[PDB]
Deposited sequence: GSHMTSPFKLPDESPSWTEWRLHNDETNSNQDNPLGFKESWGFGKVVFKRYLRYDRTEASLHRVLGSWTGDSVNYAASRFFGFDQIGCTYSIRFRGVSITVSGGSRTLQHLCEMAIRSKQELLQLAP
């Protein structure tokens, strides 16, 4: 299937996660995000260290155009449900609606992402 994401997954192995735990969510290795279209879900764990360079990098993981290319594989006459989810430091935000509204869903999803990743410590 063609993914909505433009960066690959970065999930930590079990060992890497333990080591990180032993040496320090709040300062997790990163955040989790996902895009769902009908019954298909695409998922990413991305490293994030709360700097400006890193924020810039992880905001590039999807665009309205990558999301639309991916989602449109699953479109037809009827509307399907589309959902964006992100979780970081104990907070989950889900942006959801029908595919007819995807352009607005992407606009609110990107804003939600930015705000959550910049949440005051």
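Q: Extract from the deposited sequence all ranges with no corresponding C-alpha coordinates, numbering residues from 1.
A: In sequence order, the gaps with no modelled C-alpha are 1-3, 28-30.
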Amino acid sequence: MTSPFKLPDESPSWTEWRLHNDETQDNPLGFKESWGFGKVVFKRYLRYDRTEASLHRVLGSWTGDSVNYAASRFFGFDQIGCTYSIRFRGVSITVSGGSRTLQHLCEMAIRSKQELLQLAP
From here on, numbers count along this sequence of modelled residues.
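Throughout, rigid core stands for the largest set of C-alpha atoms superposing within 1.5 Å between the two forms.
Q: Core-aligned, which moves more in 5 other deposited structures of this protein: 63-71 or 25-33, by CA RMS?
A: It is 25-33 whose C-alphas lie farther from the shown form in 5 other deposited structures of this protein.
Q: Pick between 81-89 and 68-76: the one whose mean CA B-factor in the entry is higher.
A: Comparing averages over the C-alpha atoms only gives 68-76.
Q: Per the entry, where is the mean C-alpha temperature factor higher: 55-63 or 25-33?
A: Looking at the recorded C-alpha B-factors, 25-33 comes out higher on average.
Q: What third of its chain, lowest, middle or highest, does the C-alpha temperature factor of residue 7 fall into?
A: Middle third.
Q: Sorting by Cα B-factor within the chain, modelled residues only, which third would residue 40 end up in: lowest, middle or highest?
A: Its C-alpha B-factor belongs to the highest third of this chain's values.
Q: Considering every modelled residue of the chain and its Cα B-factor in the PDB entry, is residue 99 in the lowest, middle or highest third?
A: For residue 99, the deposited C-alpha B-factor lands in the middle third.
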